[PDB]
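Reading through the structure tokens given below for one structure.
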Amino acid sequence: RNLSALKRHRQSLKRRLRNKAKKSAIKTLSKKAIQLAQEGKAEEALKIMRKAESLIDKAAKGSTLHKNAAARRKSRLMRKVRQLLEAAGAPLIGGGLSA
Amino acid sequence: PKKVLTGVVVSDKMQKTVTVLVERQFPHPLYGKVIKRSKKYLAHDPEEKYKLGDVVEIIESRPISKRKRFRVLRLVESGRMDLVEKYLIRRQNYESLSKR
Amino acid sequence: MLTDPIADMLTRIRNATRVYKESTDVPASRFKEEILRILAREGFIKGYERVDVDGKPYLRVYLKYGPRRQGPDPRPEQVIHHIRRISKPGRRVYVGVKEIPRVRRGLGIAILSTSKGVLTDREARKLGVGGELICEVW
Amino acid sequence: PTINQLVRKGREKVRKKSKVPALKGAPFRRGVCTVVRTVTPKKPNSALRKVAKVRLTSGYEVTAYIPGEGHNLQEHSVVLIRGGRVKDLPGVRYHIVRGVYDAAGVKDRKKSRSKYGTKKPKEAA
Amino acid sequence: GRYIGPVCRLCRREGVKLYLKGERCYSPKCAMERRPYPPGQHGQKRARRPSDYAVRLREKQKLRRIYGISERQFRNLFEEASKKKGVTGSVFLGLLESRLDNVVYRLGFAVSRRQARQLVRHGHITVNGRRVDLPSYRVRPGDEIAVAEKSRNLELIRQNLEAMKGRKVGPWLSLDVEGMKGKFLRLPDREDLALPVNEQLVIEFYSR
Amino acid sequence: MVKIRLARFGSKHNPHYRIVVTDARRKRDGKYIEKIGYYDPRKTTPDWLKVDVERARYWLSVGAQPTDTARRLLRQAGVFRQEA
RNA sequence: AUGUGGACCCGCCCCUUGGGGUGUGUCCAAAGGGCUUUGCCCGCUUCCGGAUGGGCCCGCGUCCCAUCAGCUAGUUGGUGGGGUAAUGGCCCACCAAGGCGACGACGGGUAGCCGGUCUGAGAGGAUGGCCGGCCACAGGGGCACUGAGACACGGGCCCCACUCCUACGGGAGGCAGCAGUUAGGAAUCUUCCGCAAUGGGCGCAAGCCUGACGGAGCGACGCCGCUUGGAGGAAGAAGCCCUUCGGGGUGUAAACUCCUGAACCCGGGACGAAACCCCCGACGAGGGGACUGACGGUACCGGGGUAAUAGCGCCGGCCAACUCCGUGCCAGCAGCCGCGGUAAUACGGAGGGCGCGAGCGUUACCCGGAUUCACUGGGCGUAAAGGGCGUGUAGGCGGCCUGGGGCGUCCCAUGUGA
Ligand SMILES: [Mg+2]
Ligand SMILES: [Mg+2]
Ligand SMILES: [Mg+2]
Ligand SMILES: [Mg+2]
Ligand SMILES: [Mg+2]
Ligand SMILES: [Mg+2]
Ligand SMILES: [Mg+2]
Ligand SMILES: [Mg+2]
Ligand SMILES: [Mg+2]
Ligand SMILES: [Mg+2]
Ligand SMILES: [Mg+2]
Ligand SMILES: [Mg+2]
Ligand SMILES: [Mg+2]
Ligand SMILES: [Mg+2]
Ligand SMILES: [Mg+2]
Ligand SMILES: [Mg+2]
Ligand SMILES: [Mg+2]
Ligand SMILES: [Mg+2]
Ligand SMILES: [Mg+2]
Ligand SMILES: [Mg+2]
Ligand SMILES: [Mg+2]
Ligand SMILES: [Mg+2]
Ligand SMILES: [Mg+2]
Ligand SMILES: [Mg+2]
Ligand SMILES: [Mg+2]
Ligand SMILES: [Mg+2]
Ligand SMILES: [Mg+2]
Ligand SMILES: [Mg+2]
Ligand SMILES: [Mg+2]
Ligand SMILES: [Mg+2]
Ligand SMILES: [Mg+2]
Ligand SMILES: [Mg+2]
Ligand SMILES: [Mg+2]
Ligand SMILES: [Mg+2]
Ligand SMILES: [Mg+2]
Ligand SMILES: [Mg+2]
Ligand SMILES: [Mg+2]
Ligand SMILES: [Mg+2]
Ligand SMILES: [Mg+2]
Ligand SMILES: [Mg+2]
Ligand SMILES: [Mg+2]
Ligand SMILES: [Mg+2]
Ligand SMILES: [Mg+2]
Ligand SMILES: [Mg+2]
Ligand SMILES: [Mg+2]
Ligand SMILES: [Mg+2]
Ligand SMILES: [Mg+2]
Ligand SMILES: [Mg+2]
Ligand SMILES: [Mg+2]
Ligand SMILES: [Mg+2]
Ligand SMILES: [Mg+2]
Ligand SMILES: [Mg+2]
Ligand SMILES: [Mg+2]
Ligand SMILES: [Mg+2]
Ligand SMILES: [Mg+2]
Ligand SMILES: [Mg+2]
Ligand SMILES: [Mg+2]
Ligand SMILES: [Mg+2]
Ligand SMILES: [Mg+2]
Ligand SMILES: [Mg+2]
Ligand SMILES: [Mg+2]
Ligand SMILES: [Mg+2]
Ligand SMILES: [Mg+2]
Ligand SMILES: [Mg+2]
Ligand SMILES: [Mg+2]
Ligand SMILES: [Mg+2]
Ligand SMILES: [Mg+2]
Ligand SMILES: [Mg+2]
Ligand SMILES: [Mg+2]
Ligand SMILES: [Mg+2]
Ligand SMILES: [Mg+2]
Ligand SMILES: [Mg+2]
Ligand SMILES: [Mg+2]
Ligand SMILES: [Mg+2]
Ligand SMILES: [Mg+2]
Ligand SMILES: [Mg+2]
Ligand SMILES: [Mg+2]
Ligand SMILES: [Mg+2]
Ligand SMILES: [Mg+2]
Ligand SMILES: [Mg+2]
Ligand SMILES: [Mg+2]
Ligand SMILES: [Zn+2]
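Residue numbers (the entry's author numbering), protein chains in the order written: chain AW, 8 to 106; chain AT, 2 to 101; chain AK, 1 to 138; chain AO, 5 to 129; chain AG, 2 to 209; chain AS, 1 to 84.
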């Protein structure tokens, strides 16, 4: 009785979860780095931000996040984590930052 | 080109923001008499220098805020509380139009 | 007080003419002047003379007319059949060089203030200007 | 006035009141006859003009004139309203079209049959 | 379609012979000769002074009744004329005269414009070699109107074509009588025919 | 992609295209960016084809894409004949 | 994993509102399928351009009622955040108390806006229907997903209203797509043909889909073109009208005589179609070669060939067209002025006449005439119109001379004005 390209929606369902799943990981990881960069642990912090950075762009290639959004994320991120580690912290690694 | 306008400040009472009063002269579409008008603008003063009377210029800019899309250009003729008074009495007289 | 002096001039004349007099005195200006002038240059008037009256300057304007007609009312034709202010303080009249009068089919003459001064319809067209139409005369 | 005033108010734009409001920008409007009777016109003359009171679509009930000589309209008779007063009879502002719905044309009328809803008669045989 | 029926009532009514029949409207008796008074019961009665409107009216109809066309087709030409250059009025006659069926009357292929039309309509007439059956054709300079082949003969043409030997056809006209063909040469100035009409009034009329 | 194609004009049974540039998702009589000549597919006139052949290649340069029945009327205008 | 190259933080560099350049650190790429296969082709991934299509913002313009005169809590600004392709009070905190309005806010009524369109001498006035550009909606609402792109007519979830199916065991639908039905209404069509052409989607391409479109169908709804004939034909029959009974009219009208010949019958028969593809050349440039027409056996061409529908309005004045009869303020007409009371050119019929003609009238509405909202282009002693009289706020207007500025105004050039 109808168009069988309703798949186009059923297709969306996968693309929905798939790109949704990655997207939760992005933030829950992004979570970590922030808390850590606030408690001096600039070591384990920039291990995550380095992981954060990769998590984003890796989805950016695909159809999830795109454009200046990764940039907008990553910016305000290392625009912040570093601006936390100013609380002594000591740049345990430039392993994220062109310090 | 970005619009260029010239007017008087009537409000400094916003933080780092001001209100510029712009006039324009032109003839009436049907009756040709040359007439004036006014529009207020909310001008950006990110270093609250400009103040009451500052006959100044402003320029169309990216949306600083709602209602607020003009940055100040430059002072032209500071101290003009005489023009300001016109805006003031006019708004004052409004009270004596209160439908009572 | 006089809201409009230029009108007052024209009107002073128009009043004077309708009783057929020699002269017509009127308060002085450098802008009333180069407005008259044409009226002599186009020979609507004899002409004038800057004079003073009671210590105060005026412009005795000398009136032309025509032939002592005959029949009842021998009063001659006027030179100035008609004259009226156009642009006024109540409503200023400006025109591009295109939008410009054909007063009484060439027989009449407009008078206008322009970027070169007190031209006429004919002149302002040829200089290519137009401006504040003062008045029309015939 | 003066020119200043003209900016302050302008000139007012007259407007135009209809004289056939029962129709609503319609050429016509179908209705149903309530009363069918005769009335006396303005002193000017005198007679017994046939008018119907018509309840139409829009709940409206207006007096409509019945023209020509005789008709076929009792009470409950579907009708069609035209537009155009009578002048003699005050209050009436509408005519009835003939030969449409329950109102029929004028019998044995030979001239202005365009009105009077009268079909063309046979002349030869 | 066109007017059909009583014609001679119209050489009259208008009160002026307008040669609308074949030879009759040219023979001693053109609906006017015998009875040069308006048609109907009220014929031999003294006219009352016309209205200015009435005067203008009669003048228009006359002209139209001469060329014999619908009021439809007629007025288009007036407005067309009314729109054009300079005189934007008197030119009118030029547009009327460019009508195929009109020309054919002048070219003496027929005698009544009514007869002319039935030819064009039956397509016994050709233009520049083209079977043209449309009495409204605005012909122009140098266009050529000739009898087609299936009809070069025909009793009705020959005598109608023959009797033309006598008169100087219009300045704007030309005719190979033997060759059965003519040329629209030019636009007939107002001069080129003093019609019994005062076209000034037709203008005056149509600006109601 | 942007395109070059046949935009119908004229009348019923009296075709009279207008050769033109627009978006492939515009209407076939919709708004265009630039007209480049006409085409009566009924050869009812000498001037029954015309191109501004410079512009034609210009849009073709930047990335226009004519139709399987628009190139034919541009191939027939030496747009492709590319010298030696 | 590779990194041309790109992104992010800090630096200086230039430039300048997050533009460009670079330094270091750290993150990012993937794809194969088909062969005239060993070479090419269709695809893949990063970056910069181009072009096209947009998003957001700004100035000016855009209806009626002041018998709506005061409005405002995300209200206004700030700071910092959240969010987006990105600005922003867009959302969220916190801080400040601002923001708007007689130049008409707020409220109410109506409306999709424009190119255009109608009228008008113009200035205007009126209007937005087909066509084109943009906005908005897809039963009423809300929401997000996928995606370059939507919050999506013929995709999805939820609520409501409504209708339908069912062994009732429960589920289903969204014509404002094309036709078509119903209801409402004074009123608006075929449940047609074809992708032949144009355009669009997919594919290397054949080819496929296309109620876009190209045609056909219905409706005098409009514009246009054409027919119901032409020449002849009487001092001018009959019938019908008047009649001062002498006559006049219809009327060259008919008849009648010649001529042509709409229709219809026969034959022929399109344009609209040239490319995609195919050959050689490298499938490119090139010549060249080939298939396909829904409309349709249609228009048009030839021959044959028949005198073949006319109606509607008006005929007191304005306003063109007049006489008998009937009627007797009755029956009736009417756009206004008004006609009918036993002699009606005004009713009704008739003869005749005027006016258009497959049309003629009517009603409704817009503009004109109306210079009767008057800018162009009007008035206020008695015709409608001077505030009962002051003082005065905003506002409008402003004398004589010389400078600077050149806002208005004026000129030129240029872009734009689809
Ligand atoms: Mg997305
Ligand atoms: Mg009476
Ligand atoms: Mg009486
Ligand atoms: Mg009548
Ligand atoms: Mg002219
Ligand atoms: Mg588009
Ligand atoms: Mg080709
Ligand atoms: Mg990798
Ligand atoms: Mg940079
Ligand atoms: Mg991939
Ligand atoms: Mg395989
Ligand atoms: Mg887009
Ligand atoms: Mg808050
Ligand atoms: Mg903030
Ligand atoms: Mg922000
Ligand atoms: Mg988006
Ligand atoms: Mg304002
Ligand atoms: Mg108001
Ligand atoms: Mg509302
Ligand atoms: Mg609406
Ligand atoms: Mg408009
Ligand atoms: Mg016009
Ligand atoms: Mg016009
Ligand atoms: Mg206008
Ligand atoms: Mg409008
Ligand atoms: Mg409408
Ligand atoms: Mg529509
Ligand atoms: Mg549209
Ligand atoms: Mg519905
Ligand atoms: Mg959809
Ligand atoms: Mg939806
Ligand atoms: Mg939408
Ligand atoms: Mg649907
Ligand atoms: Mg439908
Ligand atoms: Mg119904
Ligand atoms: Mg329907
Ligand atoms: Mg249709
Ligand atoms: Mg197709
Ligand atoms: Mg195609
Ligand atoms: Mg393809
Ligand atoms: Mg295949
Ligand atoms: Mg299908
Ligand atoms: Mg189909
Ligand atoms: Mg169609
Ligand atoms: Mg038809
Ligand atoms: Mg009808
Ligand atoms: Mg007789
Ligand atoms: Mg007789
Ligand atoms: Mg005859
Ligand atoms: Mg024969
Ligand atoms: Mg054949
Ligand atoms: Mg094909
Ligand atoms: Mg080729
Ligand atoms: Mg070939
Ligand atoms: Mg056949
Ligand atoms: Mg034949
Ligand atoms: Mg017959
Ligand atoms: Mg006959
Ligand atoms: Mg009439
Ligand atoms: Mg009339
Ligand atoms: Mg009369
Ligand atoms: Mg008698
Ligand atoms: Mg009697
Ligand atoms: Mg009588
Ligand atoms: Mg009497
Ligand atoms: Mg009458
Ligand atoms: Mg009568
Ligand atoms: Mg009769
Ligand atoms: Mg009659
Ligand atoms: Mg005035
Ligand atoms: Mg008056
Ligand atoms: Mg006064
Ligand atoms: Mg009185
Ligand atoms: Mg009075
Ligand atoms: Mg007084
Ligand atoms: Mg007072
Ligand atoms: Mg009082
Ligand atoms: Mg004052
Ligand atoms: Mg002043
Ligand atoms: Mg001054
Ligand atoms: Mg320009
Ligand atoms: Zn005759």
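No residue lacks a Cβ here, since even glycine has one placed at the ideal position from N, Cα and C.
For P39/AG, the closest C-alpha among the options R25/AG, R10/AG, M181/AG and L101/AG is that of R10/AG. The CB of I36/AT comes closer than 8 Å to the CB of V11 in chain AO, given here in chain order. Within the stretch 50-80 of chain AO, no residue has its Cβ closer than 7 Å to any Cβ of chain AT. The residue among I36/AS, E83/AS and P41/AS with its C-alpha nearest the C-alpha of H13/AS is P41/AS. Across the stretch 86-116 of chain AO, no CB contact with chain AT closer than 7 Å is found for any residue. In this structure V148/AG touches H125/AG by the C-beta definition: roughly 6 Å separates them, less than 8 Å. Following the DSSP letters along the chain, one finds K126/AK inside the alpha helix (DSSP H) bounded by residues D121 to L127. Beta-bridge partners assigned by DSSP to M165/AG: none are found. Residue state for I6/AK is assigned as helix, using DSSP reduced to three classes. Proximity of chain AO to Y32/AT at the Cβ level (cut-off 7 Å) is accounted for by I7, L10 and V11, in chain order. Taking a 10 Å sphere around the C-beta of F27/AT, we find fewer than 16 other C-beta atoms and assign the residue as exposed. The three-state secondary structure of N76/AO, taken from DSSP, is coil.
Residue nearest to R14/AG within the set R131/AG, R59/AG, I158/AG and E163/AG is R59/AG (criterion: CA-CA distance).
Three or more Cβ pairs closer than 8 Å define a contact, and the stretch 46-56 of chain AW meets that threshold against the stretch 89-102 of chain AW.
For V93/AK, the C-beta contacts it makes with chain AT under 9 Å involve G33, in order along the chain. Counted as a single uninterrupted DSSP element, the beta strand (DSSP E) harbouring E49/AK occupies residues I45 to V53. The three-state reading of DSSP puts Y51/AT in coil, since its state is none of H, G, I, E or B. Assignment of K54/AO by DSSP, reduced to helix, strand and coil, places it in the strand class.
Shortest gap from the CB of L77/AO to any heavy atom of ligand 82: 7 Å or more. Contact with chain AO is absent for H45/AT, since none of that chain's Cβ atoms lies less than 8 Å from the residue's Cβ. DSSP, read as helix, strand or coil, puts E96/AT in helix. Around the beta carbon of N103/AG, 16 or more other beta carbons sit within 10 angstroms, so the residue counts as buried.
Taking 8 Å as the upper bound for CB-CB distance, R91/AK and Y32/AT are in contact here, some 7 Å apart. Between the stretch 33-41 of chain AO and the stretch 77-88 of chain AO there are three or more inter-stretch CB-CB distances shorter than 8 Å, so the stretches are counted as touching.
Bounds of any beta strand (DSSP E) do not take in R86/AW; it lies within the alpha helix (DSSP H) bounded by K74 to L92.
Judged by beta-carbon spacing, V121/AG lies beyond the 8 Å limit of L108/AG, meaning their Cβ atoms are not closer than that value.
For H16/AW, the uninterrupted alpha helix (DSSP H) segment begins and ends at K14 to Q45. For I55/AW, the CB contacts under 7 Å within the same chain, skipping 5 residues up- and downstream, are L36, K39, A40 and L43 in chain order.
Straight through space, the alpha carbons of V18/AO and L52/AO are spaced by roughly 39 Å.
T6/AO sits in coil when the DSSP states are folded into three classes, being neither helix nor strand.
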